[PDB]
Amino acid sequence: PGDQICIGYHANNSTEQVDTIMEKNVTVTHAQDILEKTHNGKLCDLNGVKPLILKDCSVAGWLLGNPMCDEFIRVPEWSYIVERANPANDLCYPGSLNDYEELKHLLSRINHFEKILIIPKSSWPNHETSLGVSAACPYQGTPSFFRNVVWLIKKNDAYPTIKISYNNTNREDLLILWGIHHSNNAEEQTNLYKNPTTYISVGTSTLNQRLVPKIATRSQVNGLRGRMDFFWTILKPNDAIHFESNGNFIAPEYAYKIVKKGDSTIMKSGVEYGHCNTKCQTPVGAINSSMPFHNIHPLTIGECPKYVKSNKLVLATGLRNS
């Protein structure tokens, strides 16, 4: 015989395998993975903005000014916040910070951040401004206190009633923090503030707060049975905050100019910063956003692929191979 013509198709040396609905491990000439499976192992900028990385400080210890915290604010803007596992510098004096979780959520992404002085220590001429010191807040083994806030004490066995106001003339929102000290017993209350029964009144256009100390026996924390409960408010421009107290007042000294344009979350990770940029950040490292799926980590920040519980998503694009 002779003069034949035949119909055939392409084959190559490819060993790539894909899975189908009816058959398993079908070798094909070409394939394509649609699953992101790798991370670079560093924290990067998120859409061109560096994160705020508190090395050994919590948000509360950083905001209130723990004397051990190195509160570098060289970054006036951040896209998210990185906290480590066990921040040594937390609220050194035992107590709490009201609405802490909502406060951390608010500070997660901040467009503009500047610490300013709103009430200097000169504003308290009839109270002691330098004895507000405790061993639970050491500086160099020496008793100290939070730097952004002032613990006022009686002078000349007297604590005259405080009535001060501050008006926001800064054209930006102001984050103001203050606190109340809960003393341990009656004698300690008079040894510090000379007034057995005391109060704190805080008033803004939206805030009407009254605080009274709770004298009670408590367990020692950081060597002290006393407690300090801290509070915060966002002072809008042209609005004023009014303070009135006759004891147990942890008066503000520094505040923070705040401009917030968007929301983020706090990321807990021990990885290092790496001077990179990404659209999707994970606690173990940044990932690319091109693929539609990934399996790296569920705690992502950014525009990310859908997280799936899969180790392989390979699309067959070539012919069957044998």
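One-based numbering along the sequence shown.
Trainee: For the stretches 123-131 and 85-93, which has the higher mean C-alpha B-factor as given in the deposited record?
Mentor: It is 85-93 that shows the higher mean C-alpha B-factor.
Trainee: Identify the stretch, either 269-277 or 56-64, whose C-alpha atoms have the larger mean B-factor according to the entry.
Mentor: According to the PDB entry, the answer is 269-277.
Trainee: When the CA B-factors of 112, 210, 115, 227 are compared as recorded in the entry, which is the largest?
Mentor: Of the options given, 112 has the highest CA B-factor in the PDB entry.
Trainee: Between 26, 31, 35, 255, which one tops the list for C-alpha B-factor in the PDB entry?
Mentor: Largest recorded C-alpha B-factor: 31.
Trainee: Which third, lowest, middle or highest, does the CA B-factor of residue 136 fall in along this chain?
Mentor: According to the entry, residue 136 has a C-alpha B-factor in the chain's middle third.
Trainee: Relative to the other modelled residues in the chain, which third contains the C-alpha temperature factor of residue 172: lowest, middle or highest?
Mentor: Middle third by C-alpha B-factor.
Trainee: Residue 231's Cα B-factor: lowest, middle or highest third of the chain?
Mentor: Its C-alpha B-factor, which the entry lists for residue 231, ranks in the lowest third among residues of this chain.
Trainee: Could you place residue 145 in the lowest, middle or highest third of its chain by Cα temperature factor, using the values in the record?
Mentor: As the PDB entry reports it, the C-alpha B-factor of residue 145 lands in the lowest third of its chain.
Trainee: Compare the C-alpha B factor of residue 80 with those of the other modelled residues in its chain, then answer lowest, middle or highest third.
Mentor: Middle third - that is where residue 80 ends up once the chain's C-alpha B-factors are sorted.
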